[PDB]
Protein chains: 2
Amino acid sequence: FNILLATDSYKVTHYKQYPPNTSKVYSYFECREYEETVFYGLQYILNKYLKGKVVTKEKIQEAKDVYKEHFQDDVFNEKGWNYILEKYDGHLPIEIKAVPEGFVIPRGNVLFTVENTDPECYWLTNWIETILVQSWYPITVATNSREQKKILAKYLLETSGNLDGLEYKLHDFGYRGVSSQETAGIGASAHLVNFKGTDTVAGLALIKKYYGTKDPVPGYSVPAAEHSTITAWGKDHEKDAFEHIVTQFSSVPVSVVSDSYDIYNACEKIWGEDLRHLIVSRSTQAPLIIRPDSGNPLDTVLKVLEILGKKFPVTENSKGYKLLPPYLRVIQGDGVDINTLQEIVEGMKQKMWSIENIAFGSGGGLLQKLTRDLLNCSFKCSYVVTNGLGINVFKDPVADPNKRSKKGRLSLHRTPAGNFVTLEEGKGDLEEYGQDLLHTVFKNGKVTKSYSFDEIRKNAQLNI
Amino acid sequence: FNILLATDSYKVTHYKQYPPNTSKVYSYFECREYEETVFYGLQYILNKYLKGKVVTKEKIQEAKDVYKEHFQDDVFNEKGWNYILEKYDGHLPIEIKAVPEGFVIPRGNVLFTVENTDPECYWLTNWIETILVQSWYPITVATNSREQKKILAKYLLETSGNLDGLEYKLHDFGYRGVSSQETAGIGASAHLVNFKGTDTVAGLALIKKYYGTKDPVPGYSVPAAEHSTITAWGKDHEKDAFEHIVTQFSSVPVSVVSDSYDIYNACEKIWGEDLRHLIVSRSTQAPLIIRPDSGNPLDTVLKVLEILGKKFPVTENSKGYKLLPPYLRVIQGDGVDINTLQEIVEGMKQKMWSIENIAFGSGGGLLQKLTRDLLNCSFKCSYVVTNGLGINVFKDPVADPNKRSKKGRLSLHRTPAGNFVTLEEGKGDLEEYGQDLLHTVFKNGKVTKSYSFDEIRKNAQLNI
Ligand SMILES: CC(C)(O)C(=O)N1CCC(c2ccc(NC(=O)n3cc4ccc(F)cc4c3)cc2)CC1
Ligand SMILES: CC(C)(O)C(=O)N1CCC(c2ccc(NC(=O)n3cc4ccc(F)cc4c3)cc2)CC1
């Protein structure tokens, strides 16, 4: 990795664009005014990309050669990068202050600030905008996952009277559906801030290396079938595939995809009749989890439950909701996003089915179908010092008041009613509010404050 | 990187689910049912993740320890992975056949096939599905970028009579807007299959390392301002910022964001009057490129062009379209996706503005706002050998005929009219459609066939 090659091209040319005699460039990140966001992921970026000796003679030469060809001009700040190498042994003279990871903050608040600690590196602040703005992705996955947990918690509490097993109700199926191996790890780790069920193995090693848990692992899974393990038996031997699979995993929960040919037939005739004796004998700790994987997600879930309800002993829980026997559950793992998740749990409640009956698997909806636009994650310069005088800077486009940025030195505070407020123009310097909630997390090439994944999960807890 | 930890969790348990005495598992990839797709990105995955010694005793032990905790049980195939290490020195006994990279193929055709070369490794074929299915991402970026080039080519031809500078008309602004550094490189490289303009520097090194070009670089950029380089001068010194920037880059094209406070005022009064003398003196090789960055993308482009048309000398080209002087252009770099790109060029044509006047910058729309669902990229088992007998395997869900998969051994052929056809059930073995278009690209840990980035670009060319 070469940080000199880890920026938008045009940032290579910005050192010649700032006002002459500029000694400080101070910038901030916010999720411009999903009412609240989970701050997560910056510690990964600080450690993997920004800390320690990030500048070498070889990296400067490599960047110089690439940019000469890329621009067809010599515009690269070789002097500026050589200065950091000589004066700081390649360590970045930047100070980053951030809200603690896992913190749940309303939209339009300062989440982190960045500034150069040496007047000579005024240009460095926004050089690293590209890399830091990528924190939008773990913030957005964590936020969107937590919003799904709110929906699940609400319906599980209403239909059962408690939240038991809530952290296993939304499983990450997104490994194949993301854009890269790196994204897989980051995205899966952000989902694990709220849940404990994952198939995206990449997430485990990222948490282990960059965050850490008291438990050996932050996420868990169970044995499960795929179409290849069912269909490999041949179209006429679907029952043989099912029988073999539930017998191989007779003492642990087992998920079995049942829609290869006819989901409704598999539920009613194969599970419901032919193999019913292998299901009703299963432990409460080892249910069969039937998995539909096609059709309208709500219509399929309801029809599967109505079929199962007629083949298996259903009880009525203390809330008046229908409950399958404990050796039998359903996981809907196709077409799940925050919208369909809501439609399904509402549909189940209307048909008097407890949410204890179901779990959800989500791939693209959980880890890929997200953009920087969802939370309006934005990094902007708010303060500069030029000729020894600090000036409060901002943008305010005539056609879009929503794109107006904050002015001056910023600080995040608790209000008297316990809410949040971002103080602009250095007004945090007046001791009118409590202590600033932003802490120095990075300074002059060193990570100065870190959080465990356990601390992050506690911070991200729901009120319920 | 550890390939034993680079799969969906449930795939760890599949070796115990296939029929006993299974010696071959053969699977394929297609973009089920954007009528044609650019095949790109597999060579990156083959080299970075699949080739050479990918299994070590340490990797087996690391996977065993992780899975024991992740499943709360011993389900990991230690014996199977140790076999590959001992017999093949950790080289994968897999054979992958693929259509050449850059090839433009209609939907619903076999793009690549995977199968084990050792009967003992029947479980390996689908172990690597997760890693290979991630090729959906470079395929989708390349396809979506090429569809935008079709729109640009059509309107540029119609309004100017030629395609000059077409490959610089859609610039990649997506570095900050993607989910990771790895995704940035992959996505930027896929855009460069069709265009030559990029700010996502990560793309350059990926192409250099995995594909290669005759030219020193596959992509190019020009100096450009950002809001921080304008706003740092203070709200009352926007003219001073603009003057400094165009003077610093007086001999190369320069892009200048002009919407910090009032885009229309900046065009009419600042560029159009106060600084007009610094613009009209510019070389044809060094235009000022005015950049709006907010408001309705079409309304803003049209209004900016009407303002500029009244302040600067406009000509009528040979097609009857309005053309700004050669030292002045516009780039729309906000809210650009395939839909808005179409709306803008159509809007310009209706108001008699040549597409030579404009270029587009696209970030999230080009590299992030995409999913595996857009082209229905899918990997499925189509053929297995059990007890020495080959059987044609497929799925066919009752509620979704679109999810029906292909049967048996597959082959890709040219039809008599020069179109494409995927032959199923080993029917390619009959010499009726001639030679199979898929080539062995990977075999037993080695890449057996590769393409340069130059070969890929030629293959991906538009007919026009
Ligand atoms: C249902 C209840 C009571 O909430 C519960 O007991 N649990 C515990 C068991 C839990 C679980 C965990 C993993 C799986 N996995 C699968 O179905 N697969 C993994 C996949 C990965 C990728 C993919 F494309 C498809 C997949 C199918 C099922 C269920 C749900 C909650
Ligand atoms: C206009 C015409 C004739 O098609 C032409 O001459 N060319 C040549 C010059 C070309 C070009 C190349 C790069 C840039 N860059 C920028 O504006 N920035 C790069 C950014 C990256 C990220 C971001 F958030 C904002 C950005 C602003 C402008 C223009 C357009 C086609």
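As a basis for the values below, the full set of heavy atoms in this structure was taken, side chains included, without hydrogen atoms, waters or symmetry mates. A note on names: the letters A, B, ... follow the listed sequences, proteins ahead of strands, and every chain is numbered from 1.
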| remark: With chain A, the option among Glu69(B), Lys235(B), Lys48(B), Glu226(B) that has the most non-hydrogen atom pairs under 4.5 Å is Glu226(B)
| remark: Residue from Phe71(A), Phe1(A), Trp233(A), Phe173(A) scoring the most non-hydrogen pairs under 4.5 Å with chain B is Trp233(A)
| note | Of all heavy-atom pairs linking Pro20(A) and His244(B), the shortest is CG-CE1, 4.1 Å
| remark: Per-residue tally against chain A (heavy atom, under 4.5 Å) across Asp199(B), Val217(B), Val75(B) peaks at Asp199(B)
| said: Is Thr7(B) in contact with chain A via its backbone, its side chain, both, or neither, using a 4.5 Å heavy-atom distance? | reply: backbone
| request: Below 4.5 Å from any heavy atom of chain A, which atoms of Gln72(B) appear? Answer side chain, backbone, both or neither. | output: side chain
| Any idea which of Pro138(A), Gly185(A), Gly219(A) has the most non-hydrogen atom pairs under 4.5 angstrom with chain B? | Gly219(A)
| For the atom pair CD (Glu129(A)) and CZ (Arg176(B)), what is the distance rounded to the nearest 0.5 Å? | 4.5 Å
| field | Contact origin within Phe379(B) toward chain A - heavy atom pairs under 4.5 Å | value | neither
| said: Would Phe249(B) and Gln17(A) count as a side chain to side chain contact (heavy atoms under 4.5 Å, CB included) here? Give the steps. | reply: CA-CA 10 Å; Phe249(B) 304 102; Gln17(A) 300 184 30; 3.7 Å; yes
| query | So what's closer than 4.5 Å to chain A heavy atoms on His14(B): side chain, backbone, both or neither? | reply | both
| field | Where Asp400(B) and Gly295(A) come nearest, the two heavy atoms and their spacing | value | CB-N, 4.4 Å
| query | Got a second to check how far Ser378(B)'s OG is from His227(A)'s NE2, nearest 0.5 Å? | reply | 9.5 Å
| said: Can you tell me which of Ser382(B), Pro19(B), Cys377(B) forms the most heavy-atom pairs within a distance under 4.5 Å of chain A? | reply: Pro19(B)
| request: Sort out for me which of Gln248(A), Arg372(A), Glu182(A) touches chain B most, counting heavy-atom pairs under 4.5 Å. | output: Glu182(A)
| query | Side chains of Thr183(B) and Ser179(A): do they bring a donor and an acceptor to under 3.5 Å? | reply | yes
| field | Interatomic distance, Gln368(A) atom CD to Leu370(B) atom CG [nearest 0.5 angstrom] | value | 7.5 Å
| Can you tell me if NZ on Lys68(B) sees more than 12 non-hydrogen neighbours from other groups inside 6.0 Å? | no
| Side chain, backbone, both or neither of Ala184(A) within contact of chain B (heavy atoms, under 4.5 Å) | side chain
| field | Top contributor to chain A contacts, counting heavy-atom pairs under 4.5 Å, from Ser405(B), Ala224(B), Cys381(B), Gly234(B) | value | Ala224(B)
| query | Out of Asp259(A), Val66(A), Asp215(A), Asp65(A), which one racks up the most heavy-atom pairs below 4.5 Å with chain B? | reply | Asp259(A)
| Proximal component of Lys11(B), with respect to chain A [non-hydrogen, under 4.5 Å] | side chain
| said: Among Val393(B), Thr231(B), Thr229(B), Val141(B), which residue has the highest count of heavy-atom pairs closer than 4.5 Å to chain A? | reply: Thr229(B)
| By a 4.5 Å heavy-atom criterion (distance strictly below it), what part of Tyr383(B) contacts chain A: side chain, backbone, both, or neither? | neither
| note | Under 4.5 Å to a heavy atom of chain A? For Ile45(B) that would be neither
| Going from CG on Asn126(B) to OG on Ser228(A), what distance comes out if it is rounded to the nearest 0.5 angstrom? | 4.0 Å
| request: Answer with side chain, backbone, both or neither: which region of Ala6(B) has an atom nearer than 4.5 Å to a non-hydrogen atom of chain A? | output: both
| message | Just so I understand: if I count every heavy-atom pair under 4.5 Å between each of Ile245(A), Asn265(A), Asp373(A) and chain B, which residue has the most? | response | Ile245(A)
| Between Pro216(A), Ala399(A), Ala225(A), which shows the greatest number of heavy-atom pairs under 4.5 Å with chain B? | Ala225(A)
| Going through the distances and angles, do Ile131(A) and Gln181(B) end up as a side chain to side chain contact (heavy atoms under 4.5 Å, CB included)? | CA-CA 8 Å; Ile131(A) 187 122; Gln181(B) 286 294 315; 3.5 Å; yes
| remark: Turns out that what part of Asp293(B) lies under 4.5 Å from chain A's heavy atoms comes down to both
| Aromatic rings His70(A) and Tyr220(B): how do their planes relate, parallel, tilted or perpendicular, breaks at 30° and 60°? | parallel
| query | What pair of heavy atoms forms the shortest contact from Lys403(A) to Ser294(B), and how long is it? | reply | CD-CB, 4.0 Å
| query | Considering all heavy atoms of both residues, which atom of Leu5(B) and which atom of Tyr175(A) are nearest to each other, and what is their separation? | reply | O-OH, 3.8 Å
| Side chain, backbone, both or neither: which part of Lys16(B) has a heavy atom under 4.5 Å from chain A? | both
| said: Using heavy-atom distances under 4.5 Å, tell me whether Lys407(B) contacts chain A through its side chain, its backbone, both, or neither. | reply: side chain
| remark: Ranked by heavy-atom pairs below 4.5 Å to chain A, first place among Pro223(B), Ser221(B), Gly177(B) goes to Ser221(B)
| task | Please flag which part of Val222(B) lies under 4.5 Å from any non-hydrogen atom of chain A: side chain, backbone, both or neither. | result | backbone
| Flag if over 12 foreign heavy atoms under 6.0 Å of NZ, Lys380(A) | yes
| query | What is the minimum heavy-atom distance between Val384(B) and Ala232(A), and which atoms define it? | reply | CG2-O, 3.5 Å
| Where does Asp73(B) contact chain A at under 4.5 Å (heavy atoms): side chain, backbone, both or neither? | side chain
| request: Given side chain to side chain contact (heavy atoms under 4.5 Å, CB included), test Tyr137(B) with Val178(A) step by step and report yes or no. | output: CA-CA 8 Å; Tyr137(B) 178 69; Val178(A) 296; over 6 Å; no
| remark: On a heavy-atom basis, the closest approach of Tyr10(A) and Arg291(B) is CE1-NH2, 4.2 Å
